[PDB]
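Below: one structure, written as structure tokens.
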There are 2 protein chains.
Amino acid sequence: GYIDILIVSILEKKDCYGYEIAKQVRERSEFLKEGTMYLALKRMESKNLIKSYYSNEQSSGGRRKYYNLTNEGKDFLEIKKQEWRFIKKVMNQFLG
Amino acid sequence: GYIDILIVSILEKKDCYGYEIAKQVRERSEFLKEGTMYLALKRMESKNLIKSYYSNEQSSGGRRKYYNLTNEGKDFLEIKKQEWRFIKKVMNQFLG
């Protein structure tokens, strides 16, 4: 359920397709089942936080489904970053 | 909604009454309306995370309603501490 946050964070600096997203979640955290990822990506498309498109069959990677962080998605991410700075301060004080 | 966590954290080392709880939430965080606190305390009593009792009219403070962290409450707190250590690591990596 934290997966939406991870995904918008990954997409901030580059449009990505599924493999790249999963790779970063593995490599940088301790989470991620592939099914879980595709469920999340569809949910975020639905909410217009991300926007999908396709690369060309004749491109280096062949046809992939890429995702773009939308303006709403960018807004969502900045809000999450703000909420995290706040929350992190409190919980460190009381659970640290 | 994070208030339940703050309250069990405060009660870990000492049984407290409302003023003391509110005081620590003020003094150590940036939160807390008194109504919000009494709503939370009743909810936690209901879930048997805390247990209330009363001091004597003739005591230094007169009659106060004190709260004790129960064994279930202690368990809840330890779980929250564990979840926080986990969450904090991930979110720092992706929202920091």
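Chain labels run A, B, ... following the order of the structure tokens; each chain numbers its residues from 1, and ligands are numbered from 1 in the order shown.
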Up to 10 Å from chain B, what residues of chain A turn up? Count only C-alpha atoms and give them as JSON, numbers by chain. {"A": [2, 5, 6, 7, 8, 9, 10, 25, 28, 29, 30, 31, 77, 78, 80, 81, 82, 83, 84, 85, 86, 87, 88, 89, 90, 91, 92, 93, 94, 95, 96]}
Can you tell me which residues surround residue 50 (chain A) at a distance of at most 8 Å, considering only C-alpha atoms, apart from same-chain residues fewer than 2 positions away, and format the answer as a compact mmCIF listing (two decimals) with N, CA, C and O atoms, in the first residue's frame?
# COMPACT_ATOMS: atom_id res chain seq x y z
N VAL A 8 5.73 6.55 -7.65
CA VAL A 8 5.85 7.94 -8.10
C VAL A 8 7.26 8.47 -7.84
O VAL A 8 7.75 9.30 -8.60
N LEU A 41 0.13 -0.22 -10.64
CA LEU A 41 0.27 0.63 -11.83
C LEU A 41 -1.10 0.92 -12.46
O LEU A 41 -1.38 2.04 -12.87
N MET A 44 -2.95 3.44 -10.26
CA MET A 44 -2.42 4.80 -10.41
C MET A 44 -2.79 5.42 -11.75
O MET A 44 -3.01 6.63 -11.83
N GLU A 45 -2.85 4.61 -12.81
CA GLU A 45 -3.34 5.10 -14.11
C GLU A 45 -4.77 5.60 -13.96
O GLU A 45 -5.13 6.67 -14.48
N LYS A 47 -6.27 6.75 -11.38
CA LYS A 47 -6.30 8.01 -10.64
C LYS A 47 -5.56 9.15 -11.33
O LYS A 47 -5.41 10.23 -10.77
N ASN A 48 -5.07 8.87 -12.53
CA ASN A 48 -4.35 9.84 -13.35
C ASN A 48 -3.10 10.41 -12.66
O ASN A 48 -2.68 11.54 -12.93
N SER A 52 0.34 6.08 -19.26
CA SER A 52 1.12 5.07 -19.99
C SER A 52 1.20 5.33 -21.49
O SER A 52 0.33 6.00 -22.06
N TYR A 67 5.70 4.41 -18.36
CA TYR A 67 4.85 5.28 -17.55
C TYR A 67 5.48 6.65 -17.30
O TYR A 67 6.66 6.76 -16.99
N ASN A 68 4.64 7.68 -17.40
CA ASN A 68 5.01 9.08 -17.17
C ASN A 68 4.32 9.59 -15.91
O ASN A 68 3.12 9.40 -15.74
N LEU A 69 5.07 10.24 -15.02
CA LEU A 69 4.45 10.88 -13.87
C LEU A 69 3.72 12.15 -14.32
O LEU A 69 4.35 13.06 -14.87
N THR A 70 2.42 12.22 -14.08
CA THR A 70 1.64 13.38 -14.50
C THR A 70 1.82 14.57 -13.56
O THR A 70 2.50 14.46 -12.54
N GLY A 73 0.44 13.58 -10.44
CA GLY A 73 1.40 12.69 -9.80
C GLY A 73 2.53 13.44 -9.12
O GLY A 73 2.95 13.08 -8.02
Surrounding residues of residue 34 (chain A) excluding itself and chain neighbours under 3 positions, 12 Å, only C-alpha atoms, as a PyMOL selection string: chain A and resi 3+18-23+25-26+31+37-41
DSSP on the backbone, strand (DSSP E) only: what residues of chain A does that give? Format it as a list in words.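 Those residues are residues 16, 17, 50, 51, 52, 53, 54, 65, 66, 67, 68 and 69 of chain A.
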Next, the residues of the selection above should be written as an mmCIF file, in the first residue's frame with N, CA and C atoms.
data_model
loop_
_atom_site.group_PDB
_atom_site.id
_atom_site.type_symbol
_atom_site.label_atom_id
_atom_site.label_comp_id
_atom_site.auth_asym_id
_atom_site.auth_seq_id
_atom_site.Cartn_x
_atom_site.Cartn_y
_atom_site.Cartn_z
ATOM 1 N N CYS A 16 9.571 5.275 -16.828
ATOM 2 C CA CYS A 16 10.070 3.885 -16.694
ATOM 3 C C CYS A 16 9.061 2.820 -17.139
ATOM 4 N N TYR A 17 9.545 1.635 -17.508
ATOM 5 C CA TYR A 17 8.624 0.511 -17.660
ATOM 6 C C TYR A 17 8.818 -0.469 -16.503
ATOM 7 N N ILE A 50 -0.286 8.607 -13.030
ATOM 8 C CA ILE A 50 0.647 8.273 -14.095
ATOM 9 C C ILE A 50 -0.081 8.045 -15.409
ATOM 10 N N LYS A 51 0.671 8.167 -16.490
ATOM 11 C CA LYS A 51 0.136 8.047 -17.836
ATOM 12 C C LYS A 51 0.978 7.093 -18.677
ATOM 13 N N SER A 52 0.344 6.078 -19.264
ATOM 14 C CA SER A 52 1.118 5.073 -19.988
ATOM 15 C C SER A 52 1.196 5.331 -21.487
ATOM 16 N N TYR A 53 2.244 4.802 -22.105
ATOM 17 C CA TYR A 53 2.420 4.843 -23.560
ATOM 18 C C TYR A 53 3.351 3.703 -23.956
ATOM 19 N N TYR A 54 3.573 3.514 -25.256
ATOM 20 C CA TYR A 54 4.330 2.357 -25.755
ATOM 21 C C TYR A 54 5.534 2.764 -26.605
ATOM 22 N N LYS A 65 5.718 -1.048 -22.283
ATOM 23 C CA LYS A 65 4.738 -0.102 -21.770
ATOM 24 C C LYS A 65 5.427 0.797 -20.753
ATOM 25 N N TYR A 66 5.588 2.071 -21.115
ATOM 26 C CA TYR A 66 6.267 3.057 -20.276
ATOM 27 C C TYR A 66 5.254 3.863 -19.490
ATOM 28 N N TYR A 67 5.699 4.407 -18.358
ATOM 29 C CA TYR A 67 4.854 5.278 -17.547
ATOM 30 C C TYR A 67 5.480 6.654 -17.297
ATOM 31 N N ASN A 68 4.641 7.679 -17.398
ATOM 32 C CA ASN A 68 5.007 9.085 -17.173
ATOM 33 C C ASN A 68 4.322 9.589 -15.906
ATOM 34 N N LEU A 69 5.069 10.243 -15.023
ATOM 35 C CA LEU A 69 4.448 10.880 -13.865
ATOM 36 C C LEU A 69 3.725 12.154 -14.323
#
Between CA of residue 64 (chain A) and CA of residue 4 (chain A), what is the distance in Å, rounded to a tenth?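 The value is 20.5 Å.
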Mind listing the alpha helix (DSSP H) residues of region 9-56 of chain B, per DSSP on the backbone, as JSON, numbers by chain? {"B": [9, 10, 11, 18, 19, 20, 21, 22, 23, 24, 25, 26, 27, 28, 34, 35, 36, 37, 38, 39, 40, 41, 42, 43, 44, 45, 46]}
Would you output that residue set with C-alpha atoms, as a short mmCIF file (atom, residue, chain, number, x, y, z; two decimals), in the first residue's frame?
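Writing the result to again_37.cif gives the following:
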data_model
loop_
_atom_site.label_atom_id
_atom_site.label_comp_id
_atom_site.auth_asym_id
_atom_site.auth_seq_id
_atom_site.Cartn_x
_atom_site.Cartn_y
_atom_site.Cartn_z
CA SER B 9 4.37 5.46 23.93
CA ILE B 10 3.82 7.96 26.76
CA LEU B 11 2.22 5.34 29.00
CA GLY B 18 -4.95 13.37 30.69
CA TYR B 19 -2.99 16.53 31.56
CA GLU B 20 0.31 14.67 31.63
CA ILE B 21 -0.40 12.95 28.33
CA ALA B 22 -1.43 16.19 26.60
CA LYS B 23 1.59 17.93 28.08
CA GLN B 24 4.02 15.43 26.58
CA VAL B 25 2.34 15.53 23.17
CA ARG B 26 2.59 19.34 23.14
CA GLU B 27 6.11 19.56 24.54
CA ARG B 28 7.67 16.86 22.34
CA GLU B 34 -8.24 18.12 24.26
CA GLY B 35 -11.39 16.71 22.65
CA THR B 36 -9.20 14.72 20.27
CA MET B 37 -7.35 13.23 23.24
CA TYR B 38 -10.45 12.15 25.19
CA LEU B 39 -11.91 10.55 22.03
CA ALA B 40 -8.69 8.57 21.55
CA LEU B 41 -8.46 7.48 25.20
CA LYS B 42 -12.01 6.10 25.11
CA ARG B 43 -11.30 4.25 21.83
CA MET B 44 -8.15 2.69 23.33
CA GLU B 45 -10.00 1.65 26.52
CA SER B 46 -12.57 0.00 24.27
#
Measure the distance from CA of residue 13 (chain A) to CA of residue 74 (chain A) in Å and round it to one decimal. 10.7 Å
Please report the interatomic distance between CA of residue 49 (chain B) and CA of residue 12 (chain B) in Å with one decimal. 11.4 Å
